[PDB]
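**Student:** The structure's right below; bear with me while I get my questions together.
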Amino acid sequence: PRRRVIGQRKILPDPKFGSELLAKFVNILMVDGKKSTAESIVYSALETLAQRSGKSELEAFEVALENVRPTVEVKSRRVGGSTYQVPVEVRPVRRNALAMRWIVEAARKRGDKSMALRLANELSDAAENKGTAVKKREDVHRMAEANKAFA
Amino acid sequence: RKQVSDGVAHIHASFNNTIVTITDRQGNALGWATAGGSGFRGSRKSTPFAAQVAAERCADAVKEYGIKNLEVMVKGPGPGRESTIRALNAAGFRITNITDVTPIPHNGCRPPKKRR
Amino acid sequence: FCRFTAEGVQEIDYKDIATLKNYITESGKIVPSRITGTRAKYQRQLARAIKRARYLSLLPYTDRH
Amino acid sequence: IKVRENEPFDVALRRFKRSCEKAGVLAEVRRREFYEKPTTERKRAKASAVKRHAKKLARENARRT
RNA sequence: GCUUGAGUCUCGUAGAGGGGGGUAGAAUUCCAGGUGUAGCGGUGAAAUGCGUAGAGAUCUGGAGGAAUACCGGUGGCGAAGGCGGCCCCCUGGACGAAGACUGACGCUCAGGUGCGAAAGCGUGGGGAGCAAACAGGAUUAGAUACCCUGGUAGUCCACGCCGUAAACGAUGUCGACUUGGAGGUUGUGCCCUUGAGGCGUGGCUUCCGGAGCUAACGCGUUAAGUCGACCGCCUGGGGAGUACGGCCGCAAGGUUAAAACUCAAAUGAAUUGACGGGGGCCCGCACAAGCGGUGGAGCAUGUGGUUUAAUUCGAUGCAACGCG
């Protein structure tokens, strides 16, 4: 990336109700290239959380990650010497990315019965501000907010 | 309390701390705060932000004096000396003037030879 | 870059702070000839004129007051 | 070193500060006596000043274009 | 005899030139009090340290010591060391204008004499800051170093003494001559101050550069150019500016100054590289954002070692080890 300032790569939407965001969620959950089982897992998890919550899948995803999407994150921009944690506010696509990836690692952990139930219950906890992914969000937010002395 | 009208605000801004103190016409202290006491023990207290936090925390404890307008007066170099002015302004004190008494020897004592 | 000493016969005096208060700054401290013209000879003569003024309290050493 | 800065200010406006002395003397007198480096640094910077004057004299070039 | 060298005089100028004596203000520290509080300080981070006996902060008063912010300028003065607040006293030199006077009164100098930064030494004061030694903290593998907190001699004053420095433009002093450019500073003559001026000429002076010189870098009217006079000094590197002896010194040590022995080099300037915990620009899955692995287990295989009679031979840092 020395000279490249390259942009983005095309991603096809949901084969169900079209959502680039849910497709990116599928691609963050996919392992070994198994896109079919990835999208199947996410489909069942969102439809189960949808029958639970009484909101459509899109709105459930929306205000269930909106409680995990971060604001500022920590970087190490060493200047005039030693390296210290400068908090950069995260761009919106980085928000989407970090949120989905924390939810997915949270679901990788927290093993109850099957990945579908894990992920579904997990973003329910993230909708009600209770899960390990939202705990990750708040712990990044207090990993920063204690280094504001650098701006 | 004592309903003091107006005052001066000394910012002893060093290379390590930034001592904010509030005093009056007669030169008597009403309260103070410092970037080392406001947290920021160490590498952060020599930053401009901790200085403004000290200025905010010293705007605290002088609300009880009804101090209306402040004569900010600074001293010495450092990361502070400007962010403390910003914070003493944004705290709602009518900054009536921004002077300093930063001391300059007329070639007096020999200074320490430090820092090889 | 005007040296008033170009037409100023009755060379620099320590009582004419009316004329001296232009060769100092807000603080009371002498100004450089590289910025105010003032041929070096008269800059030195007015330097000691300002010093004698300060001694007679016709000018402040600093603006501490 | 002191300014009223009438409250219709909204400004720093303390260009008097970093234009007159504050840091020009303080951060270089804070330590370091050494009695001899003033002349060394003096003539390094003074060679650079005469070099600026040489630049101003011989600043006639072709821009490579 | 002579005036072109060298001086004397009359008028002034510029100056941190010198010695003596007063004095001012800022600032650091200390002392006493006022207000005020849990921090100050310091560092890369700390900790020693200081602080609830109430500090740091801010204010007033008092004491004392050292150096003089800005002016500040390759600016000035001085033989060199060196000298910078202001004022007074005694004092040296420089230099310009014009005129007069003496009439070679000159230049250079072994030995001799004198001045000679800083450290250091003796006697007596002084002691604010800084600070060898010293002590503590920290760093570190160790750290009797850098760093931090303290801190004694000392730095300060008078009077002696030492007599050395990279005391260095590493350039002995004096005189003559030989193209230039821009400056700085200090004199002075002329013309229109005609209105911040223009034309000459004296002194000191900084930088570029010509002929020349030089091994080259460079010097270049302030020569390292062309010469003249006198002085000092050198003769391969190490041993050695050492030893012995002399002279000086209170002491530290200084000055003069070898020999054996050993090496065939030591050295200068410049050139091409390579390298830098030097500078500028730039690139690579180099790092950063991310995914998946190795290192753990079992097995396959190659390797080292051991074994054996033989466990053929070869690759054996990246760039050998599922390699021939």
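Note on naming: chains are A, B, ... as they come in the structure tokens, residues start from 1 per chain, ligands start from 1 in the order shown.
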Need to verify the contact set: residue A:39, 7 Å, only C-alpha atoms (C1' of nucleotides), exclusion of same-chain residues closer than 4 positions in sequence. Can you return it as a PyMOL selection string?
**Tutor:** chain A and resi 26+35+43
**Student:** Write out as JSON, numbers by chain all residues of chain A that DSSP puts in helix (DSSP H, G or I) for this structure's backbone.
**Tutor:** {"A": [20, 21, 22, 23, 24, 25, 26, 27, 28, 29, 35, 36, 37, 38, 39, 40, 41, 42, 43, 44, 45, 46, 47, 48, 49, 50, 51, 52, 53, 57, 58, 59, 60, 61, 62, 63, 64, 65, 92, 93, 94, 95, 96, 97, 98, 99, 100, 101, 102, 103, 104, 105, 106, 107, 108, 115, 116, 117, 118, 119, 120, 121, 122, 123, 124, 125, 126, 127, 132, 133, 134, 135, 136, 137, 138, 139, 140, 141, 142, 143]}
**Student:** Write out, as a CSV table (one decimal), in the first residue's frame, the residues just selected, with C-alpha atoms.
**Tutor:**
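Okay, selection_26.csv is ready:
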chain,number,residue,atom,x,y,z
A,20,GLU,CA,-24.7,-6.0,1.4
A,21,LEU,CA,-24.2,-5.7,5.1
A,22,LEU,CA,-25.6,-9.2,5.8
A,23,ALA,CA,-23.4,-10.5,2.9
A,24,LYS,CA,-20.3,-9.0,4.5
A,25,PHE,CA,-21.5,-10.7,7.7
A,26,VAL,CA,-21.7,-14.0,5.9
A,27,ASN,CA,-18.2,-13.5,4.5
A,28,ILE,CA,-16.8,-12.6,8.0
A,29,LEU,CA,-18.4,-15.8,9.4
A,35,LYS,CA,-20.2,-19.6,1.9
A,36,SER,CA,-23.3,-21.9,1.7
A,37,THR,CA,-23.1,-23.0,5.3
A,38,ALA,CA,-22.1,-19.5,6.3
A,39,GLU,CA,-25.1,-17.9,4.8
A,40,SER,CA,-27.3,-20.7,6.1
A,41,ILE,CA,-26.0,-20.3,9.7
A,42,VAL,CA,-26.6,-16.5,9.6
A,43,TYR,CA,-30.1,-17.0,8.0
A,44,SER,CA,-31.3,-19.3,10.7
A,45,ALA,CA,-29.7,-17.2,13.5
A,46,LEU,CA,-31.4,-14.0,12.3
A,47,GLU,CA,-34.7,-15.6,11.7
A,48,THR,CA,-34.6,-17.2,15.2
A,49,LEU,CA,-33.7,-13.9,16.7
A,50,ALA,CA,-36.5,-12.3,14.6
A,51,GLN,CA,-39.2,-14.6,15.9
A,52,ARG,CA,-37.7,-13.9,19.3
A,53,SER,CA,-37.6,-10.1,19.2
A,57,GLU,CA,-34.1,-9.4,10.5
A,58,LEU,CA,-32.6,-6.1,9.1
A,59,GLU,CA,-33.7,-4.0,12.0
A,60,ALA,CA,-32.7,-6.6,14.5
A,61,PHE,CA,-29.2,-6.7,13.0
A,62,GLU,CA,-29.2,-2.9,12.8
A,63,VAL,CA,-30.0,-2.2,16.4
A,64,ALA,CA,-28.2,-5.2,17.7
A,65,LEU,CA,-24.8,-4.2,16.4
A,92,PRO,CA,-17.8,4.1,9.4
A,93,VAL,CA,-16.7,1.1,7.4
A,94,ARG,CA,-14.2,0.3,10.0
A,95,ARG,CA,-17.1,0.5,12.5
A,96,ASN,CA,-19.1,-2.0,10.5
A,97,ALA,CA,-16.0,-4.2,10.2
A,98,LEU,CA,-15.0,-4.2,13.9
A,99,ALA,CA,-18.6,-4.7,15.0
A,100,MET,CA,-19.3,-7.7,12.9
A,101,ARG,CA,-15.9,-9.2,13.6
A,102,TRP,CA,-16.3,-8.9,17.4
A,103,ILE,CA,-19.8,-10.4,17.2
A,104,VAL,CA,-18.4,-13.3,15.1
A,105,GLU,CA,-15.5,-14.0,17.5
A,106,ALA,CA,-18.0,-13.8,20.4
A,107,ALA,CA,-20.0,-16.4,18.7
A,108,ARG,CA,-17.0,-18.6,18.0
A,115,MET,CA,-23.1,-21.9,16.2
A,116,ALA,CA,-26.6,-20.8,15.1
A,117,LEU,CA,-27.9,-20.7,18.7
A,118,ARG,CA,-24.6,-19.2,19.9
A,119,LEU,CA,-24.6,-16.3,17.4
A,120,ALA,CA,-28.3,-15.7,17.8
A,121,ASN,CA,-28.3,-15.5,21.6
A,122,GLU,CA,-25.1,-13.4,21.3
A,123,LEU,CA,-26.5,-10.6,19.3
A,124,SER,CA,-29.6,-10.7,21.4
A,125,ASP,CA,-27.3,-10.0,24.3
A,126,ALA,CA,-25.7,-7.3,22.1
A,127,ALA,CA,-29.2,-5.8,21.4
A,132,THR,CA,-19.0,-10.3,25.3
A,133,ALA,CA,-19.0,-8.4,22.0
A,134,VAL,CA,-20.4,-5.3,23.6
A,135,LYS,CA,-18.1,-5.9,26.5
A,136,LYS,CA,-15.3,-5.8,23.9
A,137,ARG,CA,-16.7,-2.5,22.6
A,138,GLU,CA,-16.8,-0.9,26.0
A,139,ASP,CA,-13.3,-2.2,26.8
A,140,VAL,CA,-11.9,-0.6,23.7
A,141,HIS,CA,-13.7,2.5,24.7
A,142,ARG,CA,-12.0,2.6,28.0
A,143,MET,CA,-8.7,1.5,26.5
**Student:** When you get a sec, could you note down which chain D residues fall within 9 Å of chain B, using only C-alpha atoms, as a PyMOL selection string?
**Tutor:** chain D and resi 1-7+12+14+22-23+25-27+29-34
**Student:** Provide as JSON, numbers by chain the residues of chain E at most 12 Å from chain D, counting only C-alpha atoms (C1' of nucleotides).
**Tutor:** {"E": [27, 28, 67, 69, 70, 72, 73, 74, 117, 118, 129, 130, 181, 182, 183, 184, 206, 207, 208]}
**Student:** Residues of chain C were defined as contacting chain B if any atom lay at most 12 Å from it, counting only C-alpha atoms; please report them as a ChimeraX atom specification.
**Tutor:** /C:27,29,61-65
**Student:** Let me see the file: selected residues, C-alpha atoms, as a PDB file, in the first residue's frame.
**Tutor:**
ATOM      1  CA  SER C  27       8.246  45.603  27.410  1.00  0.00           C
ATOM      2  CA  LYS C  29      13.649  46.675  26.106  1.00  0.00           C
ATOM      3  CA  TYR C  61      13.368  47.718  32.847  1.00  0.00           C
ATOM      4  CA  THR C  62      10.469  45.365  32.136  1.00  0.00           C
ATOM      5  CA  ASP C  63       6.702  45.575  31.871  1.00  0.00           C
ATOM      6  CA  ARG C  64       6.284  43.603  35.088  1.00  0.00           C
ATOM      7  CA  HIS C  65       4.330  46.623  36.316  1.00  0.00           C
TER       8      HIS C  65
END
**Student:** Show me, as a tab-separated table, the residues of chain E having an atom within 9 Å of chain B, each with the closest atom pair and its distance in Å, using only C-alpha atoms (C1' of nucleotides).
**Tutor:**
residue	atom	partner	partner_atom	distance
E:25	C1'	B:106	CA	8.4
E:26	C1'	B:106	CA	5.2
E:27	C1'	B:105	CA	4.0
E:28	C1'	B:109	CA	6.1
E:34	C1'	B:28	CA	7.6
E:35	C1'	B:28	CA	4.3
E:36	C1'	B:29	CA	5.5
E:37	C1'	B:32	CA	7.7
E:38	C1'	B:37	CA	8.1
E:39	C1'	B:37	CA	6.8
E:41	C1'	B:16	CA	8.9
E:42	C1'	B:16	CA	8.4
E:43	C1'	B:42	CA	8.7
E:44	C1'	B:43	CA	8.9
E:45	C1'	B:43	CA	7.9
E:46	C1'	B:42	CA	9.0
E:57	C1'	B:21	CA	6.5
E:58	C1'	B:27	CA	5.9
E:59	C1'	B:27	CA	4.9
E:66	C1'	B:109	CA	6.5
E:67	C1'	B:108	CA	4.8
E:68	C1'	B:107	CA	5.4
E:69	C1'	B:106	CA	3.7
E:128	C1'	B:109	CA	8.3
E:129	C1'	B:109	CA	5.0
E:130	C1'	B:110	CA	6.0
E:146	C1'	B:116	CA	7.3
E:147	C1'	B:115	CA	7.8
**Student:** Could the residues of chain A within 12 Å of chain B, counting only C-alpha atoms, be given as a list in words, please?
**Tutor:**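 Listing them in order of chain and number gives residues 82, 83, 84, 85, 86, 145, 146, 147, 148, 149, 150 and 151 of chain A.
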**Student:** Looking only at strand (DSSP E or B) from DSSP on the backbone, list the matching residues of chain B as a ChimeraX atom specification.
**Tutor:** /B:7-13,18-23,29-34,69-75,94-100
**Student:** With only C-alpha atoms (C1' of nucleotides) as the counted atoms, please give the residues lying no more than 9 Å from residue B:93, apart from itself and same-chain residues fewer than 4 positions off, as a VMD selection string.
**Tutor:** chain B and resid 59 67 to 70 88 to 89
**Student:** Go through chain A residue by residue and, counting only C-alpha atoms (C1' of nucleotides), keep those with an atom at most 10 Å from chain E; for each kept residue give the shortest atom pair and its distance in Å to one decimal, ordered by chain and increasing number, as a tab-separated table.
**Tutor:**
residue	atom	partner	partner_atom	distance
A:2	CA	E:283	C1'	8.1
A:3	CA	E:283	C1'	9.2
A:28	CA	E:291	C1'	9.8
A:31	CA	E:291	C1'	9.6
A:32	CA	E:292	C1'	9.4
A:75	CA	E:288	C1'	9.5
A:76	CA	E:288	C1'	9.2
A:81	CA	E:44	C1'	8.5
A:82	CA	E:44	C1'	7.3
A:94	CA	E:289	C1'	9.7
**Student:** How would the residues just picked look written out with N, CA, C and O atoms as a short mmCIF file (atom, residue, chain, number, x, y, z; two decimals), in the first residue's frame?
**Tutor:**
data_model
loop_
_atom_site.label_atom_id
_atom_site.label_comp_id
_atom_site.auth_asym_id
_atom_site.auth_seq_id
_atom_site.Cartn_x
_atom_site.Cartn_y
_atom_site.Cartn_z
N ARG A 2 2.14 1.11 -0.25
CA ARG A 2 3.04 2.25 -0.27
C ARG A 2 2.54 3.33 -1.22
O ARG A 2 2.30 4.47 -0.82
N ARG A 3 2.37 2.97 -2.49
CA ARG A 3 1.84 3.92 -3.46
C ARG A 3 0.34 3.77 -3.68
O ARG A 3 -0.33 4.77 -3.93
N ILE A 28 -17.60 -12.61 6.77
CA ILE A 28 -16.82 -12.60 7.99
C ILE A 28 -17.03 -13.87 8.80
O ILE A 28 -16.15 -14.27 9.56
N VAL A 31 -15.83 -19.86 6.96
CA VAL A 31 -14.55 -20.51 7.19
C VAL A 31 -14.38 -21.59 6.14
O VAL A 31 -15.36 -22.23 5.74
N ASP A 32 -13.16 -21.76 5.66
CA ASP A 32 -12.79 -22.73 4.63
C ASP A 32 -13.40 -22.39 3.28
O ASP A 32 -13.31 -23.18 2.34
N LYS A 75 -4.38 3.33 18.27
CA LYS A 75 -3.33 3.06 17.31
C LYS A 75 -2.01 3.47 17.95
O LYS A 75 -1.99 4.20 18.93
N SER A 76 -0.90 3.00 17.39
CA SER A 76 0.42 3.34 17.92
C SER A 76 1.15 4.16 16.87
O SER A 76 1.83 3.61 16.00
N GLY A 81 10.15 9.70 19.03
CA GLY A 81 10.58 8.68 19.96
C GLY A 81 9.51 7.64 20.24
O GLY A 81 8.79 7.23 19.32
N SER A 82 9.37 7.27 21.51
CA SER A 82 8.66 6.07 21.93
C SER A 82 7.22 6.04 21.41
O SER A 82 6.64 7.06 21.02
N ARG A 94 -14.89 0.95 8.96
CA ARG A 94 -14.16 0.30 10.04
C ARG A 94 -15.08 -0.01 11.21
O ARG A 94 -14.89 -1.02 11.89
#
**Student:** Just to confirm, what's the straight-line distance from atom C1' of residue E:155 to atom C1' of residue E:132 in Å (one decimal)?
**Tutor:**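 Rounded to one decimal, the two atoms are 11.4 Å apart.
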